[PDB]
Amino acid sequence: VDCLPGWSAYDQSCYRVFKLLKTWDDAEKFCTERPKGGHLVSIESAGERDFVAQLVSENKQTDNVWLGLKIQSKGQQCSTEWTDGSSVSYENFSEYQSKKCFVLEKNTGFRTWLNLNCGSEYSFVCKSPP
């Protein structure tokens, strides 16, 4: 309930939208370095979704913003079979083409999650304990 100046309280956690363009790894790293620690925001309830969407809109973000969701895979991508039944034994996506890191979509008022290149530069939301 008692957050640092600039941060907003929801359900016992503190939240803040940072208007600095970072890649997903740099934003996550930034969030871990806040005084009470923390991470890029996670969204675990309809309540949190709505709170974070309003927070981001209140801050007049005009592009997508990172959240803390990421694809974890063995290879470059997730499909294991081509249409002809054969195995995926070779992959050739560039890093620009890989889409493993999720944003809140500006086009939905920051309510829905889209996977995009991790090296994209976007503002982001951090979540910390008070």
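Position 1 is the first residue in the sequence shown; the rest follow in order.
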Check: Highest CA temperature factor in the entry: which of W66, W82, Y96, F30?
Finding: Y96
Next item on the list: Ordered by C-alpha B-factor within the chain, which third holds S13? Give me lowest, middle or highest, please.
Entry: highest
Item checked: Position of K19 among the chain's modelled residues by C-alpha B-factor, lowest, middle or highest third -> highest
Next item on the list: Using the B-factors in the PDB entry, rank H39's C-alpha atom against the chain and give the third, lowest, middle or highest.
Entry: lowest
Margin query: Split into thirds by Cα B-factor across the chain's modelled residues, where does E58 land: lowest, middle or highest?
Written below: highest
Margin query: Where does the C-alpha B-factor of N107 rank in its chain, lowest, middle or highest third?
Written below: highest
